[PDB]
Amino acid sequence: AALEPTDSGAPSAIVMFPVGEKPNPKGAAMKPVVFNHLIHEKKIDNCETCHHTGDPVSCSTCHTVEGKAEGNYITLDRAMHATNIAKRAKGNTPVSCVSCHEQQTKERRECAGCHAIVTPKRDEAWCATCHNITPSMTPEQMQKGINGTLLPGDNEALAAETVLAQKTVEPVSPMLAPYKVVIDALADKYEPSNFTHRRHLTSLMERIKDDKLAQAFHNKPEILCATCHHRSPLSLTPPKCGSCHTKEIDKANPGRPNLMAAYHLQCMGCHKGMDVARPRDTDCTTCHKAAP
């Protein structure tokens, strides 16, 4: 009913609104964001990582929709989503919501294998992971949020209602995907690659099964399939790599590797990203035995 209190004295969960000084009477905006401060302060040790000026104050006090001098005119949009934040010579380097989450996927071995070969779509479901407010908020409450006159008890009630109705999407079972796949499209100098498809997916999922960040953004049941089966609709039976990646040079599609290179770059890309000890990329027979 009431969320767990924070040690910091920040609200446990917080509705964040599109704060600006230009009137916005029709509520032309994204859904507000309910930020779970409790979860974040328990995992991120230093308050100042986020509150980069040292002030434990709402970001929008300086970073408004239009920008303003207190935030060096860096807007709300930039503060919350920036991904190319320069390192600061002196003092703190700010983080945004998106940049820290990205750092998680690059710097953590259990994430960095898949995320070395994923190009995130960042579609509406990605936005909605944060832009996630309860349907109960009214347009009048939105206006007050924007204008800064929403009562703190109203903000917390909206935040708690939102948090308590949140549900994590369960990833499909690896049992609904092939056990092994005999990858023989190109077989010539080597035997087919007997790819341990289910072993792979099962191992990758086990290492992230309780991770709250992953759970939130991996938000379609078949989404982890797209790690490898990219650029096609989510499906239990996606098209073969070689439907899109030709065996030979395809000058009409210079961004697409040919099929051998497609396998190598994807399989080896993940192996390198999560520091897989065997097979090394220089080992030419562990993924496929030499042909007689």
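Throughout, we count residues from 1 along the sequence that is shown.
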Quiz item: Got a sec? Mean C-alpha B-factor, which is higher, 86-94 or 137-145?
Solution: 86-94
Self-check item: Of 161-169 and 119-127, the stretch whose C-alpha atoms average the higher B-factor in the entry
Solution: 161-169
Quiz prompt | Which of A69, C241, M260, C225 ranks first by CA B-factor in the deposited coordinates | solution = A69
Quiz prompt | Selection by C-alpha B-factor (highest) of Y73, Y179, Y190, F217 | solution = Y73
Quiz item: Among the chain's modelled residues, which third holds the C-alpha B-factor of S58?
Solution: middle
Exercise. Please rank the C-alpha B-factors of the chain's modelled residues and tell me whether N46 sits in the lowest, middle or highest third.
Key: highest
Exercise. Could you say whether, by C-alpha temperature factor, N253 belongs to the lowest, middle or highest third of its chain?
Key: highest
Self-check item: Third of chain Cα B-factors occupied by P279
Solution: lowest
Quiz prompt | Ranked against its chain, the third holding the CA B-factor of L186 | solution = middle
